[PDB]
Amino acid sequence: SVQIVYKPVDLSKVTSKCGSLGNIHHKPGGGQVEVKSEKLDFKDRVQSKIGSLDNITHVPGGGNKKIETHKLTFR
Amino acid sequence: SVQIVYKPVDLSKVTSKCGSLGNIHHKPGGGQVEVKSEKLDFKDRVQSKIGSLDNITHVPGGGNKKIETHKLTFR
Amino acid sequence: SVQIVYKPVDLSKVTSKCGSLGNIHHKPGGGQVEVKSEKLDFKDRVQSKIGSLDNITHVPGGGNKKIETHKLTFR
Amino acid sequence: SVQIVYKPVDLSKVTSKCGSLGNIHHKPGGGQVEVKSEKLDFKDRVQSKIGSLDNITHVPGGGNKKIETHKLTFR
Amino acid sequence: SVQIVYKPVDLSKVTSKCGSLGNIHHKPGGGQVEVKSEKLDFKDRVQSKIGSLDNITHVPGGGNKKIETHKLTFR
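Protein chains in written order, with the UniProt record's numbering: chain A, 622 to 696; chain B, 622 to 696; chain C, 622 to 696; chain D, 622 to 696; chain E, 622 to 696.
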């Protein structure tokens with residue numbers, strides 16, 4: 622009596638073409654950093670970062686993404 | 622009596638063509654940073670970032686995205 | 622009575638073509654960092670980072686991603 | 622009696638600065654070449670070139686030129 | 622009586638700076654070449670070139686030139 626036929630068909634394409642990719646320059650924190658501290662009181666947790674941190678250069682030739690989710694729930 | 626026929630057909634395409642990609646310059650925090658502190662009281666948690674942080678250069682040749690979601694719920 | 626036929630068909634493609642990929646320059650923390658501290662009191666945990674930390678250059682020729690999830694739940 | 626004092630002083634400079642140089646594409650003779658010849662008479666020297674010849678891509682980072690000529694003639 | 626003092630002084634400079642140089646593509650003679658010949662008479666010297674010949678890609682990092690000529694003639 623209860624017939625379920627789940628037939629998803631996918632013939633798709635995610636495509637990229639690039640003749641040339643390059644000459645990328647990333648220069649963070651060229652300038653001068655000066656931190657002068659006198660008579661500081663801390664009564665709890667301290668987190669400090671000084672300088673050039675967590676800087677990213679990401680250059681994928683493709684960088685193509687496909688996300689697909691299939692869910693069948695029967696109750 | 623209860624017949625369900627789930628037939629999604631997909632023949633689609635997400636496409637990019639680029640003849641050339643380049644000569645990208647990213648220069649964050651060229652200037653001078655000076656932090657002078659005198660007589661500071663902190664009675665709770667402190668988080669400090671000084672300089673050039675979390676700067677991103679992202680250059681994908683494609684960068685093409687396809688998101689697809691299929692959900693069948695029977696109750 | 623309860624017949625479930627789960628037939629997902631996938632003939633898809635995630636593709637990239639790059640003629641050339643290169644000449645990438647990443648120079649974080651070129652500048653001068655000076656940290657001068659006098660008479661500091663800390664009554665709890667301290668975390669300190671000074672200089673050039675956690676800097677990333679990521680250059681994949683492809684960098685193509687496919688995520689697929691299939692879930693069948695019967696109850 | 623005849624005194625000649627030839628003192629040319631040169632402190633000059635020819636200078637170039639280029640942040641990035643690239644992504645140059647040179648595609649000569651992409652099309653189709655068809656040469657059909659019937660019943661030709663030549664009674665003297667023949668020179669023939671067919672296709673893609675003498676094509677130049679010249680990409681100097683500098684390409685700076687200085688020409689200097691000094692001539693002293695006494696008679 | 623006849624005194625000649627030839628003192629050329631040269632402190633000059635020809636200089637180039639290039640941050641990056643690249644991603645150069647040279648594709649001559651991609652197309653199709655077809656040469657069909659029937660009943661040709663040649664009564665003198667023949668020179669023939671067919672296809673992709675004498676194609677140049679020249680990419681110097683510097684490519685800086687200085688030409689200097691000094692001539693003293695006495696008669």
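For each residue, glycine too, the CB sits at the ideal point set by N, CA and C.
{"Item": "Give a yes or no on whether the C-beta atoms belonging to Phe-663 (chain B) and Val-667 (chain A) are separated by under 9 Å.", "Value": "yes"}
{"Item": "Tell me, which residues are paired with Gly-683 (chain E) by DSSP?", "Value": "Answer is none; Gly-683 (chain E) lacks a bridge partner."}
{"Item": "Please give me, in chain order, every unbroken run of the beta strand (DSSP E) with length at least 3 that falls completely inside the UniProt repeat \"Tau/MAP 3\" (623–653) of chain B.", "Value": "623–627, 634–639 and 642–647"}
{"Item": "With contact counted as at least three CB pairs below 8 Å, one residue from each stretch, are the region 679–696 of chain D and the region 647–654 of chain E in contact?", "Value": "no"}
{"Item": "Give a yes or no on whether the minimum CB-CB distance between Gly-643 (chain D) and chain A is below 9 Å.", "Value": "yes"}
{"Item": "Use the C-beta contact count for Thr-690 (chain C): other C-beta atoms within 10 angstroms, 16 or more gives buried, fewer gives exposed.", "Value": "exposed"}
{"Item": "Shorter than 9 Å from the beta carbon of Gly-640 (chain E) to some beta carbon of chain C?", "Value": "yes"}
{"Item": "Are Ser-658 (chain C) and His-646 (chain E) close, meaning C-beta to C-beta below 9 Å?", "Value": "no"}
{"Item": "Quick check: is the beta carbon of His-647 (chain D) nearer than 9 Å to any beta carbon in chain B?", "Value": "no"}
{"Item": "Relative to the alpha-carbon of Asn-644 (chain E), which residue among D:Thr-678, D:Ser-622 and D:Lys-634 has its alpha-carbon at the smallest distance?", "Value": "D:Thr-678"}
{"Item": "Can you tell me the Cβ-Cβ gap for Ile-688 (chain A) and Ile-625 (chain C), rounded? I've got them flagged as a contact below 8 Å.", "Value": "The pair is not a contact, with the Cβ atoms about 25 Å apart (cut-off 8 Å)."}
{"Item": "Kindly examine the ligand FMN and report whether one of its heavy atoms sits closer than 8 Å to the Cβ of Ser-669 (chain A).", "Value": "The ligand FMN is not part of the structure shown, which contains no ligands of any sort."}
{"Item": "Helix, strand or coil: which one does DSSP assign to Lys-664 (chain C)?", "Value": "coil"}
{"Item": "Is it buried or exposed, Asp-665 (chain D), if we count other Cβ atoms within 10 angstroms and call 16 or more buried?", "Value": "exposed"}
{"Item": "Kindly list the residues whose CB is nearer than 8 Å to the CB of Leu-693 (chain A), restricted to its own chain and excluding five residues on each side of it in sequence; keep chain order.", "Value": "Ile-625 and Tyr-627"}
{"Item": "Pull up the distance between the alpha-carbon of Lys-686 (chain E) and that of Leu-661 (chain E), whole angstroms please.", "Value": "49 Å"}
{"Item": "If I measure Cβ to Cβ from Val-656 (chain E) and keep anything under 7 Å in the same chain, skipping five residues before and after, which residues do I get?", "Value": "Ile-671"}
{"Item": "Roughly how many angstroms lie between the CA atoms of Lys-634 (chain C) and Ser-669 (chain A), to the nearest whole one?", "Value": "46 Å"}
{"Item": "For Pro-629 (chain E) and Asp-631 (chain D), I'd like the C-alpha separation in whole angstroms.", "Value": "8 Å"}
{"Item": "How would you label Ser-673 (chain A), buried or exposed, when you count the other beta carbons within 10 angstroms and need 16 or more for buried?", "Value": "buried"}
{"Item": "Please list, in chain order, all residues of the same chain as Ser-637 (chain D) whose beta carbon is under 7 Å from its beta carbon, the five residues on each side excluded.", "Value": "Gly-683 and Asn-685"}
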